[PDB]
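Student: There's a structure below that I have some questions on.
Protein chains in written order, with our numbering: chain A, 4 to 188; chain B, 312 to 511.
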């Protein structure tokens, strides 16, 4: 970062660096904005995404007019030091690209849908009964693989994931916590 | 991209070169930022391959023209002000010029790790039993892999039932790891599972 910032190709970008902002957990791409060297210093120092208006006037912190700020987790250049990628966590309530989404994003959204259905008209049956579904789906999953029924295996693996996400939510965890736990190993 | 969407693209704001974010259509990894002129975008759409306009060489080029690493277009969409496109794409070989994947150092969104773990576990179908825990699992055969799943389902269930949030995190991690290997063992993958989940 003391090295990286000098090497930024400010000349090639006309002092206006393109910055991709991406959700730090889910990988959803949120926006492209533009940073001058000041914007980047303020971003680094504040920990909030700060841009510089291409259109006309001034630095602006993302959210300074709405409450919808982006907390920086990481910033990295590409190979030619002419684009930044910022991983950020949004605060205040998805991203500017219509309904396009990378396939695995659906698992992350599914988890959000299952969390909201705590309050619809499985969760009410209590931890033990949610747990019983995992355990019995693990059995089914094991048997379907073992007889090489790939179609059954897919559907049981799918029920297993579904129920595991519910089980995690029930105990105030989530799949992000598991994934991070795997990353630490 | 619809007819009217292309009509509304803000080419003047961008000086006739639209910024285009290229993202891996499955994993979510951001691969690169490039630029298209209108023709670059038209060939991208017609060809199914990501085609930029190199302001340096002053021509169209299909990413992969000199490396073989092409990008198969899955989807294209504008941001809400029509001055950036997002292209979801499936690479045909690894995308960046120093052997790796994307341009952006080792930074990744947190869920990318699960995708990466899966790919590691898939590579090790080759590797021989002493090369890794995974290769050893694969050599033990389907039934032993499935036994670990069933056992980890039982453990995950019990750890939840007694409200040990620490053990549940760990047992659920073990469950995920082994589930990935079992799917790979049966020539499936988590992508295929996520699709089935999506279908409901």
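We treat Cβ as the ideally placed atom computed from N, Cα and C, and that holds for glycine.
1. Between the alpha carbons of residue 319(B) and residue 331(B), how many angstroms are there, rounded?
2. Assuming residue 75(A) contacts residue 46(A) under a Cβ cut-off of 8 Å, what Cβ separation, rounded to an integer in Å, is found between them?
3. Taking three-plus beta-carbon pairs below 8 Å as touching, is the region 408-427 of chain B in contact with the region 360-370 of chain B?
4. From the beta carbon of residue 91(A), is the nearest beta carbon of chain B less than 8 Å away?
5. Using a Cβ cut-off of 8 Å (strictly closer), state whether residue 339(B) contacts chain A.
6. State the Cα-Cα distance for the pair residue 134(A) and residue 458(B), rounded to the nearest angstrom.
7. Within 8 Å of any Cβ in chain A, is that where the Cβ of residue 515(B) sits?
8. Closer than 6 Å by C-beta to residue 500(B): which residues in its own chain qualify, once you throw out the five before and the five after it? Chain order, please.
9. Across which residues does DSSP place residue 69(A) in a beta bridge pair?
10. Can you grab the Cα-Cα spacing for the pair residue 352(B) / residue 371(B), in whole Å?
11. Kindly list, in the order they appear in chain A, the residues whose Cβ is closer than 8 Å to that of residue 463(B).
12. Taking Cβ positions, are residue 33(A) and residue 98(A) nearer each other than 8 Å?
13. Quick one: list the residues of chain B neighbouring residue 38(A), beta-carbon separation under 8 Å, in chain order.
14. Does the beta carbon of residue 23(A) sit closer than 8 Å to a beta carbon anywhere in chain B?
15. Where does residue 87(A) sit, in a helix, a strand or coil, going by DSSP?
16. Between the alpha carbons of residue 398(B) and residue 406(B), how many angstroms are there, rounded?
17. According to DSSP, residue 343(B) sits in a beta bridge with which residue or residues?
18. Taking the alpha-carbon positions, what's the residue 94(A) to residue 339(B) distance?
19. Three-state secondary structure (DSSP) at residue 349(B)?
20. Between the region 426-437 of chain B and chain A, which residues of the former have CB atoms less than 7 Å from a CB of the latter, in chain order?
21. Does DSSP put residue 62(A) in a helix, in a strand, or in coil?
22. Using a Cβ cut-off of 8 Å (strictly closer), state whether residue 476(B) contacts chain A.
23. With a threshold of 8 Å between beta carbons, is residue 46(A) in contact with chain B?
24. Since residue 180(A) sits in a beta bridge, which residues does DSSP pair it with?
25. Does residue 271(B) get closer than 8 Å to chain A when you measure Cβ to Cβ?
26. Note down, in chain order, each residue of its chain lying with its Cβ closer than 6 Å to the Cβ of residue 143(A), except the 5 sequence neighbours on either side.
27. Which partner residues of residue 75(A) appear in the DSSP bridge assignment?
28. For a contact meaning CB atoms closer than 9 Å, what does residue 109(A) contact in chain B?
29. Name the DSSP beta bridge partners of residue 54(A), please?
30. Can you pull the chain B residues whose beta carbon is under 8 Å from the beta carbon of residue 127(A), in chain order?
31. Comparing the C-beta of residue 364(B) with each C-beta of chain A, is any distance below 8 Å?
32. Roughly how many angstroms lie between the CA atoms of residue 472(B) and residue 173(A), to the nearest whole one?
33. Determine the burial state of residue 122(A): buried for a count of at least 16 other Cβ atoms within 10 Å of its Cβ, exposed for fewer.
34. Just to confirm before moving on: does the CB-CB distance between residue 87(A) and residue 137(A) stay below 8 Å?
35. Residue 493(B) touches chain A at which residues, Cβ-Cβ below 7 Å?
Tutor: On the basis of the coordinates in this document:
1. 16 Å
2. 6 Å
3. The region 408-427 of chain B vs the region 360-370 of chain B: no contact.
4. no
5. yes
6. Taking the straight line joining both Cα atoms gives about 18 Å.
7. There is simply no residue 515(B) to check, as chain B begins at 312 and stops at 511 in what is shown.
8. 494
9. Per DSSP, residue 69(A) has no beta bridge partner at all.
10. 10 Å
11. 141
12. In this structure, residue 33(A) lies near residue 98(A), with their beta-carbon atoms less than 8 Å apart.
13. Simply none; closest approach about 13 Å.
14. yes
15. strand
16. Each residue's Cα considered, the two are about 14 Å apart.
17. 333(B)
18. 21 Å
19. Three-state result, residue 349(B): helix.
20. Residues 426, 428.
21. strand
22. yes
23. no
24. BP columns for residue 180(A) are empty, so no partner.
25. Not covered by the structure: residue 271(B). The range shown for chain B is 312 to 511.
26. 159
27. 91(A)
28. 505, 506, 508, 509
29. 63(A)
30. Result: empty, since nearest Cβ-Cβ is about 16 Å, beyond 8 Å.
31. no
32. 10 Å
33. exposed
34. No.
35. 148
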